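Worksheet: one structure, shown below.
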Amino acid sequence: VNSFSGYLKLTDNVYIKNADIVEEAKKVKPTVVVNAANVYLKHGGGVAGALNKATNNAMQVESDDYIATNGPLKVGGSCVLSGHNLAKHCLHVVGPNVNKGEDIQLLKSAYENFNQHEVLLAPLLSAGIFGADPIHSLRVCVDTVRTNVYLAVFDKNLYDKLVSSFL
Ligand SMILES: Nc1ncn(Cc2cc(-c3ccco3)on2)c2ncnc1-2
């Protein structure tokens, strides 16, 4: 039994809700919140900009030190950093950005990072400003993630389309 509330159950392990991931993170304090990161951990907009804003820029400060030490992530890769005031940990996951020409096949690799964590609060990878079709992203999620994932979908109109079209 966990503290996530009001989710619709899509499969054995995938749940979905119309929610602001920032607000859901602050209420739940999940062990892991997933950030829709880029390889430079520059959290300027979309989910990443919102999560970082909610940390009063502490996420960005930590991320800049991470990059200075380790260099950029790979597209499809991830790193675990602090969750600050939002979660115990933040799993920064880089889905392919269609608006940069990155290969969509890397979306499966990106979701594989979730399998290293038993329970996660997450957005749909590569959705929003990353330019992929969120229906495709949901399908890859369901077909790749085996651990328990609670998906937050900010847009109510999109949430309803994802549910209604789910196979
Ligand atoms: N605070 C947040 N900001 C951004 N996203 C990503 C996102 C946005 C959309 C979309 C579709 C039409 C308009 O926006 O689809 N995915 C978030 N997901 C959960 N919380 C989020």
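Note that the numbering runs from 1 along the sequence shown for the chain.
The shortest distance between side-chain heavy atoms of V47 and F130 does not fall below 4.5 Å. Using a 4.5 Å cut-off on side-chain heavy atoms (C-beta onward), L41 and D64 make no contact. Side-chain contact between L162 and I16 is present, with heavy atoms from C-beta onward closer than 4.5 Å. Between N148 and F114, the closest side-chain pair of non-hydrogen atoms is not below 4.5 Å. Looking at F4 and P30, their side chains come closer than 4.5 Å, going by heavy atoms from C-beta outward. Inter-residue side-chain proximity for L151 and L138 is flagged as met; some heavy-atom pair is nearer than 4.5 Å. Side chains of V119 and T31 form no contact here, defined as non-hydrogen atoms less than 4.5 Å apart. Here the side chains of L86 and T55 are in contact, with some heavy-atom distance below 4.5 Å.
Each of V75 and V98 belongs to its own hydrophobic cluster when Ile, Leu, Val, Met, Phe, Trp and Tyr are linked at side-chain heavy-atom distances under 4.5 angstrom. Put simply, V145 and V163 are part of the same group of oily side chains (I, L, V, M, F, W, Y) that touch within less than 4.5 Å, one to the next. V32 and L51 end up in different hydrophobic clusters when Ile, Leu, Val, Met, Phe, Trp and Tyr side chains are linked at under 4.5 Å. Residues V34 and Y40 are members of separate hydrophobic clusters, defined by side-chain heavy-atom contacts under 4.5 angstrom among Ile, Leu, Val, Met, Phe, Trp and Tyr.
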Passes side chain to side chain contact (heavy atoms under 4.5 Å, CB included), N97 versus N38? Steps please.
-> CA-CA 8 Å; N97 188 326; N38 59 55; over 6 Å; no
Passes side chain to side chain contact (heavy atoms under 4.5 Å, CB included), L91 versus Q116? Steps please.
-> CA-CA 10 Å; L91 182 68; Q116 301 294 317; over 6 Å; no
Given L107 and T144, is the side chain to side chain contact (heavy atoms under 4.5 Å, CB included) satisfied, shown in steps?
-> CA-CA 10 Å; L107 186 54; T144 306; over 6 Å; no
List the steps and the verdict of side chain to side chain contact (heavy atoms under 4.5 Å, CB included) for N57 and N52.
-> CA-CA 5 Å; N57 210 51; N52 175 59; 2.9 Å; yes
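Scanning all heavy atoms of the two residues, the minimum distance from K29 to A87 falls at CD-N, 4.2 Å. Across every non-hydrogen atom of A48 and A36, the tightest pair is CB-O, 3.6 Å. Closest approach of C90 and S82 over heavy atoms only: CB-O, 3.4 Å. Between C141 and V149, the closest heavy-atom pair is SG-CG1, 4.1 Å. In terms of heavy atoms, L121 sits closest to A152 at CD1-CB, 4.3 Å. Scanning both residues, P72 and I67, for their nearest heavy atoms gives CA-CD1, 3.9 Å.
Counting heavy-atom neighbours within 6.0 Å of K42 NZ, excluding the residue itself, gives a total of 12 or less. The neighbour count for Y159 OH, taken as heavy atoms of other residues, nucleotides or ligands under 6.0 Å away, is above 12. Counting non-hydrogen atoms of other residues, nucleotides and ligands closer than 6.0 Å to NZ of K27 gives a total above 12.
Without hydrogens or angle criteria, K17 side chain to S5 main chain gives a donor-acceptor distance under 3.5 Å. With hydrogens and angles ignored, the 3.5 Å screen pairs no side-chain donor or acceptor of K53 with any backbone N or O of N56. A side-chain donor-acceptor contact under 3.5 Å links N113 to the backbone of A110. In this structure, the side chain of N13 engages the main chain of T147 through a donor-acceptor pair within 3.5 Å. The backbone N or O of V153 sits less than 3.5 Å from a side-chain atom of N18, completing a donor-acceptor pair.
Evaluation of the salt bridge (charged side-chain N to carboxylate O under 4.0 Å, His left out) test over residues 128-152, restricted to residues two or more places apart or in two chains, returns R139-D143.
Ring geometry for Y15 versus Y150: interplanar angle under 30°, hence parallel rather than tilted (30 to 60°).
Rounding to the nearest 0.5 angstrom, the gap separating the CG atom in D155 from the CG atom in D20 is 12.0 Å. Taking NE2 of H89 as the reference point, atom NE2 of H117 lies at 8.5 Å (rounded to 0.5 Å).
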